[PDB]
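Below is the file upload.json, which contains JSON, C-alpha atoms and all ligand atoms.
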[["chain", "number", "residue", "atom", "x", "y", "z"],
["A", 24, "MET", "CA", 0.00, 0.00, 0.00],
["A", 25, "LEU", "CA", 2.77, 2.42, 1.01],
["A", 26, "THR", "CA", 5.50, 0.67, -1.01],
["A", 27, "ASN", "CA", 6.83, 2.37, -4.15],
["A", 28, "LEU", "CA", 4.20, 5.09, -4.28],
["A", 29, "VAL", "CA", 6.60, 6.87, -6.67],
["A", 30, "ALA", "CA", 8.54, 4.83, -9.22],
["A", 31, "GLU", "CA", 12.25, 5.57, -9.70],
["A", 32, "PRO", "CA", 14.61, 4.51, -12.54],
["A", 33, "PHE", "CA", 16.58, 1.89, -10.63],
["A", 34, "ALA", "CA", 16.57, -0.47, -13.66],
["A", 35, "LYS", "CA", 18.30, 2.15, -15.85],
["A", 36, "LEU", "CA", 20.84, 2.79, -13.08],
["A", 37, "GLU", "CA", 21.76, -0.88, -12.66],
["A", 38, "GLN", "CA", 21.92, -1.41, -16.43],
["A", 39, "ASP", "CA", 24.39, 1.48, -16.74],
["A", 40, "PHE", "CA", 26.37, -0.04, -13.86],
["A", 41, "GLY", "CA", 26.36, -3.45, -15.55],
["A", 42, "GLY", "CA", 25.03, -5.41, -12.60],
["A", 43, "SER", "CA", 22.29, -5.58, -9.99],
["A", 44, "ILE", "CA", 21.33, -2.98, -7.40],
["A", 45, "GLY", "CA", 19.22, -3.80, -4.35],
["A", 46, "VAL", "CA", 17.55, -1.02, -2.38],
["A", 47, "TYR", "CA", 15.24, -0.84, 0.61],
["A", 48, "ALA", "CA", 14.41, 2.46, 2.28],
["A", 49, "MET", "CA", 11.96, 3.08, 5.09],
["A", 50, "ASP", "CA", 10.41, 6.35, 6.25],
["A", 51, "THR", "CA", 10.01, 5.58, 9.95],
["A", 52, "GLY", "CA", 7.32, 8.26, 10.35],
["A", 53, "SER", "CA", 4.73, 7.13, 7.80],
["A", 54, "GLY", "CA", 5.99, 3.60, 7.16],
["A", 55, "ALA", "CA", 6.32, 4.35, 3.44],
["A", 56, "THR", "CA", 9.02, 2.35, 1.67],
["A", 57, "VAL", "CA", 11.06, 2.25, -1.52],
["A", 59, "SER", "CA", 11.90, -1.28, -2.65],
["A", 60, "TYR", "CA", 13.95, -2.57, -5.60],
["A", 61, "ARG", "CA", 15.36, -6.12, -5.62],
["A", 62, "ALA", "CA", 14.89, -5.75, -1.87],
["A", 63, "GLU", "CA", 14.48, -9.45, -1.04],
["A", 64, "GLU", "CA", 17.36, -10.72, -3.19],
["A", 65, "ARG", "CA", 20.52, -11.83, -1.44],
["A", 66, "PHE", "CA", 23.68, -9.76, -1.80],
["A", 67, "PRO", "CA", 27.08, -10.37, -0.18],
["A", 68, "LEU", "CA", 27.48, -8.50, 3.10],
["A", 69, "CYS", "CA", 31.21, -7.85, 2.70],
["A", 70, "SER", "CA", 32.29, -5.57, 5.53],
["A", 71, "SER", "CA", 28.73, -4.38, 6.20],
["A", 72, "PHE", "CA", 28.37, -7.24, 8.71],
["A", 73, "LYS", "CA", 30.80, -5.33, 10.97],
["A", 74, "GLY", "CA", 28.09, -2.89, 12.02],
["A", 75, "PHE", "CA", 25.87, -5.74, 13.20],
["A", 76, "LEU", "CA", 28.94, -7.32, 14.83],
["A", 77, "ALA", "CA", 29.40, -4.19, 16.96],
["A", 78, "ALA", "CA", 25.69, -4.21, 17.84],
["A", 79, "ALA", "CA", 26.00, -7.84, 18.97],
["A", 80, "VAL", "CA", 28.96, -6.90, 21.19],
["A", 81, "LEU", "CA", 26.93, -4.06, 22.68],
["A", 82, "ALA", "CA", 24.07, -6.49, 23.34],
["A", 83, "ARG", "CA", 26.48, -8.78, 25.19],
["A", 84, "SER", "CA", 27.76, -5.82, 27.21],
["A", 85, "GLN", "CA", 24.27, -5.37, 28.68],
["A", 86, "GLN", "CA", 24.78, -8.66, 30.55],
["A", 87, "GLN", "CA", 28.58, -8.27, 30.95],
["A", 88, "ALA", "CA", 29.49, -5.09, 32.80],
["A", 89, "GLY", "CA", 33.05, -4.20, 31.88],
["A", 90, "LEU", "CA", 33.11, -6.13, 28.60],
["A", 91, "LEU", "CA", 33.70, -2.96, 26.59],
["A", 92, "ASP", "CA", 36.62, -1.93, 28.83],
["A", 93, "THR", "CA", 38.36, -5.32, 28.56],
["A", 94, "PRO", "CA", 41.89, -4.97, 27.08],
["A", 95, "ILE", "CA", 42.61, -7.40, 24.24],
["A", 96, "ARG", "CA", 46.16, -8.23, 23.26],
["A", 97, "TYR", "CA", 46.82, -9.93, 19.94],
["A", 98, "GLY", "CA", 49.75, -11.22, 17.96],
["A", 99, "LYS", "CA", 50.99, -10.34, 14.51],
["A", 100, "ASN", "CA", 49.24, -13.46, 13.18],
["A", 101, "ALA", "CA", 45.91, -11.71, 13.88],
["A", 102, "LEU", "CA", 46.77, -8.80, 11.51],
["A", 103, "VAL", "CA", 45.13, -9.75, 8.22],
["A", 104, "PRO", "CA", 45.04, -7.26, 5.30],
["A", 105, "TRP", "CA", 43.00, -4.08, 5.81],
["A", 106, "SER", "CA", 43.55, -3.66, 9.55],
["A", 107, "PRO", "CA", 44.43, 0.05, 9.66],
["A", 108, "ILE", "CA", 43.70, 0.67, 13.36],
["A", 109, "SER", "CA", 44.67, -2.65, 14.93],
["A", 110, "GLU", "CA", 48.06, -2.57, 13.19],
["A", 111, "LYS", "CA", 48.88, 0.69, 15.04],
["A", 112, "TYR", "CA", 48.16, -0.95, 18.43],
["A", 113, "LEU", "CA", 49.75, -4.35, 17.79],
["A", 114, "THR", "CA", 52.37, -3.73, 20.47],
["A", 115, "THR", "CA", 49.86, -2.40, 23.04],
["A", 116, "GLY", "CA", 46.47, -4.06, 22.56],
["A", 117, "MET", "CA", 43.07, -2.36, 22.35],
["A", 118, "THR", "CA", 39.86, -2.54, 24.35],
["A", 119, "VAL", "CA", 36.75, -4.38, 23.14],
["A", 120, "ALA", "CA", 35.05, -1.01, 22.63],
["A", 121, "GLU", "CA", 38.03, 0.23, 20.61],
["A", 122, "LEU", "CA", 37.99, -2.92, 18.48],
["A", 123, "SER", "CA", 34.25, -2.41, 17.88],
["A", 124, "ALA", "CA", 34.76, 1.23, 16.87],
["A", 125, "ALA", "CA", 37.62, 0.25, 14.56],
["A", 126, "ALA", "CA", 35.54, -2.47, 12.90],
["A", 127, "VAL", "CA", 32.69, 0.00, 12.34],
["A", 128, "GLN", "CA", 34.55, 3.19, 11.47],
["A", 129, "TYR", "CA", 37.62, 1.91, 9.57],
["A", 130, "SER", "CA", 36.29, -1.58, 8.53],
["A", 131, "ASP", "CA", 39.21, -3.07, 10.48],
["A", 132, "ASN", "CA", 39.54, -6.76, 9.59],
["A", 133, "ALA", "CA", 41.68, -7.95, 12.50],
["A", 134, "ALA", "CA", 39.31, -6.21, 14.91],
["A", 135, "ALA", "CA", 36.35, -7.93, 13.24],
["A", 136, "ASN", "CA", 37.92, -11.39, 13.52],
["A", 137, "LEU", "CA", 38.82, -10.82, 17.19],
["A", 138, "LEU", "CA", 35.27, -9.71, 17.99],
["A", 139, "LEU", "CA", 33.81, -12.62, 16.01],
["A", 140, "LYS", "CA", 35.83, -14.92, 18.26],
["A", 141, "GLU", "CA", 34.36, -13.20, 21.32],
["A", 142, "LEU", "CA", 30.82, -13.92, 20.05],
["A", 143, "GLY", "CA", 31.39, -17.57, 19.15],
["A", 144, "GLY", "CA", 32.17, -17.05, 15.46],
["A", 145, "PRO", "CA", 29.91, -16.50, 12.44],
["A", 146, "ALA", "CA", 27.18, -18.68, 13.96],
["A", 147, "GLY", "CA", 27.21, -16.51, 17.09],
["A", 148, "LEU", "CA", 26.63, -13.32, 15.11],
["A", 149, "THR", "CA", 23.95, -15.12, 13.09],
["A", 150, "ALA", "CA", 22.30, -16.17, 16.36],
["A", 151, "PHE", "CA", 22.25, -12.55, 17.52],
["A", 152, "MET", "CA", 20.51, -11.51, 14.31],
["A", 153, "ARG", "CA", 17.99, -14.32, 14.78],
["A", 154, "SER", "CA", 17.31, -13.03, 18.31],
["A", 155, "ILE", "CA", 16.14, -9.67, 16.92],
["A", 156, "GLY", "CA", 13.85, -11.34, 14.36],
["A", 157, "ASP", "CA", 16.13, -11.36, 11.30],
["A", 158, "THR", "CA", 15.66, -14.72, 9.54],
["A", 159, "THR", "CA", 17.56, -13.67, 6.39],
["A", 160, "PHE", "CA", 21.02, -12.67, 7.62],
["A", 161, "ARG", "CA", 23.73, -15.31, 7.56],
["A", 162, "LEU", "CA", 27.41, -15.06, 8.34],
["A", 163, "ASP", "CA", 29.31, -18.22, 7.50],
["A", 164, "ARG", "CA", 33.02, -17.40, 7.27],
["A", 165, "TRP", "CA", 35.72, -15.15, 8.71],
["A", 166, "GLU", "CA", 37.89, -12.42, 7.22],
["A", 167, "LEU", "CA", 39.04, -12.52, 4.52],
["A", 168, "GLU", "CA", 37.26, -15.55, 3.07],
["A", 169, "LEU", "CA", 33.76, -14.11, 3.58],
["A", 170, "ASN", "CA", 34.37, -11.60, 0.76],
["A", 171, "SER", "CA", 34.37, -14.12, -2.11],
["A", 172, "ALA", "CA", 30.99, -12.79, -3.39],
["A", 173, "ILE", "CA", 30.47, -15.84, -5.63],
["A", 174, "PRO", "CA", 27.34, -15.52, -7.83],
["A", 175, "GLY", "CA", 24.51, -17.58, -6.38],
["A", 176, "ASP", "CA", 26.36, -18.37, -3.13],
["A", 177, "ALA", "CA", 24.16, -17.59, -0.12],
["A", 178, "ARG", "CA", 27.05, -17.71, 2.36],
["A", 179, "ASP", "CA", 27.74, -14.36, 4.04],
["A", 180, "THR", "CA", 24.71, -12.62, 2.53],
["A", 181, "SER", "CA", 21.54, -10.87, 3.53],
["A", 182, "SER", "CA", 18.88, -8.86, 1.72],
["A", 183, "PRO", "CA", 18.57, -5.06, 1.56],
["A", 184, "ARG", "CA", 15.19, -5.35, 3.26],
["A", 185, "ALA", "CA", 16.42, -7.49, 6.17],
["A", 186, "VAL", "CA", 19.47, -5.22, 6.60],
["A", 187, "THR", "CA", 17.22, -2.15, 6.82],
["A", 188, "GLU", "CA", 14.73, -3.85, 9.16],
["A", 189, "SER", "CA", 17.50, -4.98, 11.52],
["A", 190, "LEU", "CA", 19.25, -1.61, 11.37],
["A", 191, "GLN", "CA", 15.99, 0.10, 12.35],
["A", 192, "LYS", "CA", 15.47, -2.24, 15.32],
["A", 193, "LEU", "CA", 19.03, -1.64, 16.55],
["A", 194, "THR", "CA", 19.35, 2.13, 16.04],
["A", 195, "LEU", "CA", 15.76, 3.35, 16.59],
["A", 196, "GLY", "CA", 13.83, 0.43, 18.09],
["A", 197, "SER", "CA", 14.18, -1.58, 21.28],
["A", 198, "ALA", "CA", 16.65, -4.32, 20.28],
["A", 199, "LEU", "CA", 19.34, -2.62, 22.38],
["A", 200, "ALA", "CA", 19.02, -0.89, 25.72],
["A", 201, "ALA", "CA", 19.04, 2.90, 25.46],
["A", 202, "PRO", "CA", 22.73, 3.53, 26.34],
["A", 203, "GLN", "CA", 23.93, 0.79, 24.00],
["A", 204, "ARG", "CA", 21.58, 2.00, 21.26],
["A", 205, "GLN", "CA", 23.08, 5.49, 21.35],
["A", 206, "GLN", "CA", 26.61, 4.05, 21.42],
["A", 207, "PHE", "CA", 25.80, 2.08, 18.27],
["A", 208, "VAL", "CA", 24.42, 5.22, 16.61],
["A", 209, "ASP", "CA", 27.51, 7.18, 17.65],
["A", 210, "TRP", "CA", 29.86, 4.58, 16.19],
["A", 211, "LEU", "CA", 27.93, 4.64, 12.89],
["A", 212, "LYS", "CA", 27.95, 8.45, 12.87],
["A", 213, "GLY", "CA", 31.73, 8.39, 13.17],
["A", 214, "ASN", "CA", 32.28, 6.07, 10.21],
["A", 215, "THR", "CA", 35.12, 7.30, 7.98],
["A", 216, "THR", "CA", 34.70, 5.03, 4.93],
["A", 217, "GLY", "CA", 31.32, 6.14, 3.57],
["A", 218, "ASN", "CA", 31.80, 9.70, 2.32],
["A", 219, "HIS", "CA", 31.23, 8.72, -1.32],
["A", 220, "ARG", "CA", 28.23, 6.43, -0.79],
["A", 221, "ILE", "CA", 24.91, 7.14, 1.00],
["A", 222, "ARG", "CA", 26.43, 10.21, 2.69],
["A", 223, "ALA", "CA", 27.10, 11.77, -0.72],
["A", 224, "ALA", "CA", 23.29, 11.81, -1.21],
["A", 225, "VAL", "CA", 22.55, 13.27, 2.25],
["A", 226, "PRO", "CA", 22.70, 17.06, 2.84],
["A", 227, "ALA", "CA", 25.48, 18.16, 5.16],
["A", 228, "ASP", "CA", 23.03, 19.62, 7.72],
["A", 229, "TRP", "CA", 21.43, 16.19, 8.39],
["A", 230, "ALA", "CA", 22.81, 13.66, 10.84],
["A", 231, "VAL", "CA", 23.77, 10.27, 9.41],
["A", 232, "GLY", "CA", 25.48, 7.07, 10.44],
["A", 233, "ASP", "CA", 26.46, 4.28, 8.09],
["A", 234, "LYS", "CA", 28.47, 1.13, 7.52],
["A", 235, "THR", "CA", 30.01, 0.27, 4.14],
["A", 236, "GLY", "CA", 31.08, -3.00, 2.57],
["A", 237, "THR", "CA", 33.49, -3.67, -0.33],
["A", 238, "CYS", "CA", 34.19, -7.27, -1.37],
["A", 239, "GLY", "CA", 36.77, -6.44, -4.05],
["A", 240, "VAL", "CA", 35.28, -8.77, -6.70],
["A", 241, "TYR", "CA", 32.07, -9.20, -8.72],
["A", 242, "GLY", "CA", 31.29, -5.48, -8.61],
["A", 243, "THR", "CA", 30.14, -6.11, -5.04],
["A", 244, "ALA", "CA", 29.90, -3.20, -2.60],
["A", 245, "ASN", "CA", 27.25, -1.71, -0.36],
["A", 246, "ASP", "CA", 26.26, 0.74, 2.36],
["A", 247, "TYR", "CA", 23.47, 1.03, 4.91],
["A", 248, "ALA", "CA", 22.56, 4.10, 6.91],
["A", 249, "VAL", "CA", 20.25, 5.77, 9.35],
["A", 250, "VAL", "CA", 19.52, 9.34, 8.28],
["A", 251, "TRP", "CA", 17.93, 12.13, 10.36],
["A", 252, "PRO", "CA", 16.51, 14.77, 8.00],
["A", 254, "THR", "CA", 15.70, 17.87, 10.01],
["A", 255, "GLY", "CA", 12.08, 18.38, 10.95],
["A", 256, "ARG", "CA", 10.84, 14.86, 10.14],
["A", 257, "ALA", "CA", 11.23, 11.25, 11.22],
["A", 258, "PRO", "CA", 14.45, 9.37, 10.41],
["A", 259, "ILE", "CA", 14.98, 7.26, 7.30],
["A", 260, "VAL", "CA", 16.69, 3.86, 7.32],
["A", 261, "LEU", "CA", 18.05, 2.52, 4.06],
["A", 262, "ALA", "CA", 20.31, -0.09, 2.49],
["A", 263, "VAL", "CA", 21.96, -0.11, -0.95],
["A", 264, "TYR", "CA", 23.72, -3.29, -2.15],
["A", 265, "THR", "CA", 25.36, -4.03, -5.50],
["A", 266, "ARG", "CA", 26.83, -6.98, -7.35],
["A", 267, "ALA", "CA", 27.77, -7.80, -10.93],
["A", 268, "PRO", "CA", 28.13, -11.01, -12.96],
["A", 269, "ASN", "CA", 31.88, -11.07, -13.69],
["A", 270, "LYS", "CA", 34.65, -11.52, -11.15],
["A", 271, "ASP", "CA", 36.62, -8.60, -12.60],
["A", 272, "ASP", "CA", 33.60, -6.24, -12.71],
["A", 273, "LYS", "CA", 34.41, -3.13, -10.68],
["A", 274, "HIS", "CA", 32.18, -1.72, -7.96],
["A", 275, "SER", "CA", 30.99, 1.88, -8.13],
["A", 276, "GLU", "CA", 30.62, 4.28, -5.22],
["A", 277, "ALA", "CA", 28.82, 6.75, -7.51],
["A", 278, "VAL", "CA", 26.15, 4.13, -8.29],
["A", 279, "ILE", "CA", 25.53, 3.60, -4.57],
["A", 280, "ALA", "CA", 25.18, 7.35, -3.98],
["A", 281, "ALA", "CA", 22.86, 7.65, -7.00],
["A", 282, "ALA", "CA", 20.66, 4.80, -5.75],
["A", 283, "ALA", "CA", 20.47, 6.47, -2.34],
["A", 284, "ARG", "CA", 19.37, 9.70, -4.05],
["A", 285, "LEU", "CA", 16.63, 7.85, -5.92],
["A", 286, "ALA", "CA", 15.48, 6.21, -2.67],
["A", 287, "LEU", "CA", 15.17, 9.56, -0.89],
["A", 288, "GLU", "CA", 13.35, 11.01, -3.91],
["A", 289, "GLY", "CA", 10.99, 8.02, -3.93],
["A", 290, "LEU", "CA", 10.16, 8.72, -0.28],
["A", 291, "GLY", "CA", 9.45, 12.38, -1.00],
["A", 292, "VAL", "CA", 12.30, 13.47, 1.27],
["A", 293, "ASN", "CA", 13.57, 16.78, -0.10],
["A", 294, "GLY", "CA", 17.37, 16.68, -0.23],
["A", 295, "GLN", "CA", 20.19, 18.21, -2.25],
["B", 1, "LIG", "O1", 45.90, 3.45, 7.94],
["B", 1, "LIG", "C1", 44.97, 4.33, 7.92],
["B", 1, "LIG", "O2", 44.10, 4.31, 6.97],
["B", 1, "LIG", "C2", 44.89, 5.41, 9.02],
["B", 1, "LIG", "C3", 43.91, 5.34, 10.06],
["B", 1, "LIG", "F1", 43.01, 4.25, 10.06],
["B", 1, "LIG", "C4", 43.76, 6.28, 11.11],
["B", 1, "LIG", "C5", 44.67, 7.37, 11.09],
["B", 1, "LIG", "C6", 45.67, 7.51, 10.07],
["B", 1, "LIG", "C7", 45.83, 6.53, 9.01],
["B", 1, "LIG", "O3", 46.76, 6.67, 8.07],
["B", 1, "LIG", "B1", 47.22, 8.13, 7.41],
["B", 1, "LIG", "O4", 46.10, 8.82, 6.64],
["B", 1, "LIG", "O5", 48.48, 7.90, 6.60],
["B", 1, "LIG", "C8", 47.50, 8.88, 8.75],
["B", 1, "LIG", "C9", 48.17, 8.83, 10.15],
["B", 1, "LIG", "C10", 46.63, 8.59, 10.02],
["B", 2, "LIG", "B1", 35.35, -4.68, 3.85],
["B", 2, "LIG", "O1", 34.37, -5.04, 2.94],
["B", 2, "LIG", "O2", 35.34, -3.23, 3.99],
["B", 2, "LIG", "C1", 36.20, -2.54, 3.13],
["B", 2, "LIG", "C2", 37.43, -3.11, 2.72],
["B", 2, "LIG", "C3", 38.22, -2.36, 1.86],
["B", 2, "LIG", "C4", 37.83, -1.13, 1.38],
["B", 2, "LIG", "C5", 36.61, -0.57, 1.76],
["B", 2, "LIG", "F1", 36.24, 0.61, 1.31],
["B", 2, "LIG", "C6", 35.74, -1.28, 2.67],
["B", 2, "LIG", "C7", 34.40, -0.63, 3.08],
["B", 2, "LIG", "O3", 33.62, -0.39, 2.18],
["B", 2, "LIG", "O4", 34.23, -0.38, 4.27],
["B", 2, "LIG", "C8", 37.79, -4.42, 3.33],
["B", 2, "LIG", "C9", 37.92, -4.76, 4.78],
["B", 2, "LIG", "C10", 36.77, -5.23, 4.03]]
As structure tokens:
Amino acid sequence: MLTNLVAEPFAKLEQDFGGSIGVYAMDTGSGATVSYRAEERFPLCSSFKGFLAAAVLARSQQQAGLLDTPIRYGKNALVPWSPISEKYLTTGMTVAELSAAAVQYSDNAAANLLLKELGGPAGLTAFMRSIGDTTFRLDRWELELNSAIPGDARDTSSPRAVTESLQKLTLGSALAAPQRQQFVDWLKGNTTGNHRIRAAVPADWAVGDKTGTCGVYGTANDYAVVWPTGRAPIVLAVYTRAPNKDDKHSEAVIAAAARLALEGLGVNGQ
């Protein structure tokens, strides 16, 4: 009833990109939605790291002092793309610092260390099940989870399930109020998303996001909570893939899809 009240040229955009774009956007005030390939599976890539940090925060509600726990790690933990954890190899970092690094710099070593804390990919999957997400699945660790093989459901979710879970965690009751705001604050401080959803969001609106980039099969993504001034927040997810292993991803296509989603919701932007 409230889905796709205004059609947008997502098909033309994905054809120009040479792949598939999946979009789900939710106006949390009216419940209106924009939906395009929203129930197809796309590889999570690093976008799982936001939900990873939420799962850690959930655990911290029952474990006072979890976030402050210092974690030492060896050089064998430092897999490629670990920009924060490599600078603290000789000192260690706290669980909260590892969570912030995973969210804000997509730190791979931090993500693997936190996955171990939660009981591995099945433990993160169990957390997502506990909030009502039956679509999300994490199956592997960094870096193997980025393979993005066409048709492979491992390490995927759907744009719709990503948006629904993000809403529950950032705006709903899935986390206690202090942990909810900490999750929002980590997302707001993300440094890797300036050319994706944020490029579609006016500078005077608050926004938090988590990006993902698999490095193959034109596969990259971003999800965000957006607070336009004077109205209810918007939650949205934009995922891409492409048929060939050497197909490149496009940040511009993600930003353009985000623009179309906001336009489809009637949210006046840039
Ligand atoms: O490795 C990084 O990407 C990185 C980081 F994650 C946090 C801070 C810095 C980094 O590198 B740089 O831009 O050369 C600079 C000292 C600053
Ligand atoms: B992950 O998918 O996140 C990521 C990587 C490399 C470059 C990026 F821009 C991103 C991202 O989008 O956050 C590697 C670590 C993984």
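Distances here use all atoms listed in the file; by that measure, the residue among A:43, A:27, A:59, A:216 closest to ligand LIG 1 (chain B) is A:216.
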Practice prompt. Please identify all polymer residues lying at most 12 Å from the point (49.7, -13.4, 16.0) (file coordinates), using all atoms listed in the file, and present the result as a VMD selection string.
Written response: chain A and resid 96 to 103 109 to 110 113 to 114 116 133 137
Worksheet entry | All residues having an atom within 9 Å of ligand LIG 1 (chain B) (only C-alpha atoms and all ligand atoms) as a ChimeraX atom specification | /A:105-111,125,128-129,131,215
Would you write out those residues with C-alpha atoms, as a compact mmCIF listing (two decimals), in the frame of the given file?
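Written output follows (selection.txt):
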# COMPACT_ATOMS: atom_id res chain seq x y z
CA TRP A 105 43.00 -4.08 5.81
CA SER A 106 43.55 -3.66 9.55
CA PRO A 107 44.43 0.05 9.66
CA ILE A 108 43.70 0.67 13.36
CA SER A 109 44.67 -2.65 14.93
CA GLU A 110 48.06 -2.57 13.19
CA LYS A 111 48.88 0.69 15.04
CA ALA A 125 37.62 0.25 14.56
CA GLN A 128 34.55 3.19 11.47
CA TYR A 129 37.62 1.91 9.57
CA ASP A 131 39.21 -3.07 10.48
CA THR A 215 35.12 7.30 7.98
Fill in: Residue contacts of residue A:73 (7 Å, all atoms listed in the file) excluding same-chain residues fewer than 4 positions away, as a ChimeraX atom specification
/A:77,126-127,135
Item to complete: Throw together the list of residues within 6 Å of ligand LIG 2 (chain B), counting all atoms listed in the file, and drop it here as a ChimeraX atom specification.
Response: /A:69-70,105,130,132,216,235-238
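Between atom CA of residue A:286 and atom CA of residue A:54 lies a distance of 13.9 Å.
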Surrounding residues of stretch 256-268 of chain A excluding itself and chain neighbours under 3 positions, 9 Å, all atoms listed in the file, as an mmCIF file with C-alpha atoms, in the frame of the given file:
data_model
loop_
_atom_site.group_PDB
_atom_site.id
_atom_site.type_symbol
_atom_site.label_atom_id
_atom_site.label_comp_id
_atom_site.auth_asym_id
_atom_site.auth_seq_id
_atom_site.Cartn_x
_atom_site.Cartn_y
_atom_site.Cartn_z
ATOM 1 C CA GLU A 37 21.760 -0.880 -12.660
ATOM 2 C CA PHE A 40 26.370 -0.040 -13.860
ATOM 3 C CA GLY A 41 26.360 -3.450 -15.550
ATOM 4 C CA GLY A 42 25.030 -5.410 -12.600
ATOM 5 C CA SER A 43 22.290 -5.580 -9.990
ATOM 6 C CA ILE A 44 21.330 -2.980 -7.400
ATOM 7 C CA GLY A 45 19.220 -3.800 -4.350
ATOM 8 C CA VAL A 46 17.550 -1.020 -2.380
ATOM 9 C CA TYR A 47 15.240 -0.840 0.610
ATOM 10 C CA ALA A 48 14.410 2.460 2.280
ATOM 11 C CA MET A 49 11.960 3.080 5.090
ATOM 12 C CA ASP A 50 10.410 6.350 6.250
ATOM 13 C CA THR A 51 10.010 5.580 9.950
ATOM 14 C CA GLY A 52 7.320 8.260 10.350
ATOM 15 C CA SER A 53 4.730 7.130 7.800
ATOM 16 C CA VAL A 57 11.060 2.250 -1.520
ATOM 17 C CA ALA A 62 14.890 -5.750 -1.870
ATOM 18 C CA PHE A 66 23.680 -9.760 -1.800
ATOM 19 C CA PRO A 67 27.080 -10.370 -0.180
ATOM 20 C CA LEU A 68 27.480 -8.500 3.100
ATOM 21 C CA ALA A 172 30.990 -12.790 -3.390
ATOM 22 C CA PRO A 174 27.340 -15.520 -7.830
ATOM 23 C CA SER A 182 18.880 -8.860 1.720
ATOM 24 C CA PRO A 183 18.570 -5.060 1.560
ATOM 25 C CA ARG A 184 15.190 -5.350 3.260
ATOM 26 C CA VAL A 186 19.470 -5.220 6.600
ATOM 27 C CA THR A 187 17.220 -2.150 6.820
ATOM 28 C CA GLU A 188 14.730 -3.850 9.160
ATOM 29 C CA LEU A 190 19.250 -1.610 11.370
ATOM 30 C CA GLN A 191 15.990 0.100 12.350
ATOM 31 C CA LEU A 195 15.760 3.350 16.590
ATOM 32 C CA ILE A 221 24.910 7.140 1.000
ATOM 33 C CA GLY A 236 31.080 -3.000 2.570
ATOM 34 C CA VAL A 240 35.280 -8.770 -6.700
ATOM 35 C CA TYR A 241 32.070 -9.200 -8.720
ATOM 36 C CA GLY A 242 31.290 -5.480 -8.610
ATOM 37 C CA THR A 243 30.140 -6.110 -5.040
ATOM 38 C CA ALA A 244 29.900 -3.200 -2.600
ATOM 39 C CA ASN A 245 27.250 -1.710 -0.360
ATOM 40 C CA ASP A 246 26.260 0.740 2.360
ATOM 41 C CA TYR A 247 23.470 1.030 4.910
ATOM 42 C CA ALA A 248 22.560 4.100 6.910
ATOM 43 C CA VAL A 249 20.250 5.770 9.350
ATOM 44 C CA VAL A 250 19.520 9.340 8.280
ATOM 45 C CA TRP A 251 17.930 12.130 10.360
ATOM 46 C CA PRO A 252 16.510 14.770 8.000
ATOM 47 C CA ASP A 271 36.620 -8.600 -12.600
ATOM 48 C CA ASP A 272 33.600 -6.240 -12.710
ATOM 49 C CA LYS A 273 34.410 -3.130 -10.680
ATOM 50 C CA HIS A 274 32.180 -1.720 -7.960
ATOM 51 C CA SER A 275 30.990 1.880 -8.130
ATOM 52 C CA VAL A 278 26.150 4.130 -8.290
ATOM 53 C CA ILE A 279 25.530 3.600 -4.570
ATOM 54 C CA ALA A 280 25.180 7.350 -3.980
ATOM 55 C CA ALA A 282 20.660 4.800 -5.750
ATOM 56 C CA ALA A 283 20.470 6.470 -2.340
ATOM 57 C CA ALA A 286 15.480 6.210 -2.670
ATOM 58 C CA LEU A 287 15.170 9.560 -0.890
#
Discussion item. Just want the 6 Å neighbourhood of stretch 142-150 of chain A, counted on only C-alpha atoms, with same-chain residues fewer than 2 positions away dropped. Output as a count of residues only.
Written reply: 7
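Separating atom CA of residue A:88 from atom CA of residue A:233 is a distance of 26.6 Å.
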Discussion item. Using only C-alpha atoms, list the residues that have an atom at most 10 Å from (7.1, -1.1, -8.1), coordinates as in the file, as a list in words.
Written reply: residues 26, 27, 28, 29, 30, 31, 57, 59, 60 and 61 of chain A
Can you put N, CA and C atoms back into stretch 286-293 of chain A and show it as a PDB file, in the coordinates of the input?
ATOM      1  N   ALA A 286      16.278   6.684  -3.796  1.00  0.00           N
ATOM      2  CA  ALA A 286      15.480   6.210  -2.670  1.00  0.00           C
ATOM      3  C   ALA A 286      14.874   7.378  -1.893  1.00  0.00           C
ATOM      4  N   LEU A 287      15.688   8.393  -1.592  1.00  0.00           N
ATOM      5  CA  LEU A 287      15.170   9.560  -0.890  1.00  0.00           C
ATOM      6  C   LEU A 287      14.108  10.273  -1.729  1.00  0.00           C
ATOM      7  N   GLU A 288      14.344  10.395  -3.035  1.00  0.00           N
ATOM      8  CA  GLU A 288      13.350  11.010  -3.910  1.00  0.00           C
ATOM      9  C   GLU A 288      12.057  10.189  -3.921  1.00  0.00           C
ATOM     10  N   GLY A 289      12.175   8.859  -3.959  1.00  0.00           N
ATOM     11  CA  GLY A 289      10.990   8.020  -3.930  1.00  0.00           C
ATOM     12  C   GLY A 289      10.184   8.151  -2.656  1.00  0.00           C
ATOM     13  N   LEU A 290      10.844   8.486  -1.547  1.00  0.00           N
ATOM     14  CA  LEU A 290      10.160   8.720  -0.280  1.00  0.00           C
ATOM     15  C   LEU A 290       9.625  10.141  -0.149  1.00  0.00           C
ATOM     16  N   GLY A 291       9.900  11.014  -1.114  1.00  0.00           N
ATOM     17  CA  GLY A 291       9.450  12.380  -1.000  1.00  0.00           C
ATOM     18  C   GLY A 291      10.232  13.197   0.004  1.00  0.00           C
ATOM     19  N   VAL A 292      11.434  12.754   0.352  1.00  0.00           N
ATOM     20  CA  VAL A 292      12.300  13.470   1.270  1.00  0.00           C
ATOM     21  C   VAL A 292      13.114  14.467   0.451  1.00  0.00           C
ATOM     22  N   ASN A 293      12.852  15.758   0.647  1.00  0.00           N
ATOM     23  CA  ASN A 293      13.570  16.780  -0.100  1.00  0.00           C
ATOM     24  C   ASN A 293      15.021  16.835   0.377  1.00  0.00           C
TER      25      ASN A 293
END
